[PDB]
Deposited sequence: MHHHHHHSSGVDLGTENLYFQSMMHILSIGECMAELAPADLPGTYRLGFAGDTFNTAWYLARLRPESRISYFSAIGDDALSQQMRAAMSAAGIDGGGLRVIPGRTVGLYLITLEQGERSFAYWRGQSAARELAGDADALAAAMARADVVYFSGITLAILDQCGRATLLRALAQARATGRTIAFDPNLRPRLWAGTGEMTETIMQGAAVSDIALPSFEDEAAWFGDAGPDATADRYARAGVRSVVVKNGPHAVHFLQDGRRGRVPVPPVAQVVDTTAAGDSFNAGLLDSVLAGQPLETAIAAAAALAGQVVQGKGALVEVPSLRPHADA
């Protein structure tokens, strides 16, 4: 029941963003002790979720793979209820979705066999999902969960879409545990950068694994891979950017009552991409992104109503 709007050969009635990655089932403590509430999250899904609330008149699509069990159907229903277009979701007969459990907060997860790890199994389906997207967004988690072949399939699809005028956006989102080794991680992340117009790295993660001395070194590294607009998040600190050789800095207004940094980066990315799609200048988009993330860290959970 998500409105997809109309189209002719040349234009679609809705601006269209596609987000590609893994959505996770999540269980978080409910009020009665020993009980947990079931919901859905996951980095790229979270960004799609914030996007659907920022621009509910637009088309926000999610591309992934899920199972055919009850939990997978619950997940599909959740996306629709969030105003997210899940029409491109692939179903993998023998598998189920990934899950994480928050304990009371500690995170445990199970995703090694998730259906989403096959999301790049069908090159045609990937290409069709991107074809008329204004922006295609993916993360280093999207890359991490795929095998060698799937990664190549995804990067080729991204590169071809980029060449037809899709704007490609990438959050490195470094999570070493999801990679076989950090050598593989850093190498593959930079392959992702090589197909992206916009990159949204977070500095402290980059500094740990790449050895970046500062946010400007981070930007330079991405710009070296051909990224046109690099926006470097850095916690409570100013956001440095680099766009076509031009550097800039955008302040991040102090937030008191920081509660939970969950989805800080995911919501930043949504606020940023929302504003870029509206045709606002990068400095303005970064300011908007920081404002949204500022509210998000003041709320509990990955999906905060703002």
property: Deposited sequence positions missing from the model - stretches, numbered from 1, in order; result: 1 to 9, 114 to 117, 320 to 328
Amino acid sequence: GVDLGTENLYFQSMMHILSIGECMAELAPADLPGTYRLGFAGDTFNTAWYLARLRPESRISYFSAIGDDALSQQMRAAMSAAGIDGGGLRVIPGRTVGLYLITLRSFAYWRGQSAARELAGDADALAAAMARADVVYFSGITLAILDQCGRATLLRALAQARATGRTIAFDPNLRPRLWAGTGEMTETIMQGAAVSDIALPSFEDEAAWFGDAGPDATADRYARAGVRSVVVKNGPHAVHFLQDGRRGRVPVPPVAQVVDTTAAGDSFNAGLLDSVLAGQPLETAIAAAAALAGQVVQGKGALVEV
From here on, numbers count along this sequence of modelled residues.
{"query": "Of 205 to 213 and 113 to 121, the one with larger mean CA B-factor", "finding": "205 to 213"}
{"query": "Segment of higher mean CA temperature factor, 136 to 144 or 230 to 238", "finding": "230 to 238"}
{"query": "C-alpha B-factor winner, where the candidates are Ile168, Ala163, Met190, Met130", "finding": "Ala163"}
{"query": "Member of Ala48, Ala264, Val258, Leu38 with the greatest C-alpha B factor (per the PDB record)", "finding": "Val258"}
{"query": "CA B-factor ranking of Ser196, expressed as a third of its chain", "finding": "lowest"}
{"query": "For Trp179, the third of its chain into which the C-alpha B factor falls", "finding": "middle"}
{"query": "Chain-wide C-alpha B factor ranking for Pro33, given as lowest, middle or highest third", "finding": "highest"}
{"query": "Third assignment of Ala70 from its chain's C-alpha B-factors", "finding": "highest"}
{"query": "B-factor third for the C-alpha atom of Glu26 within its chain", "finding": "middle"}
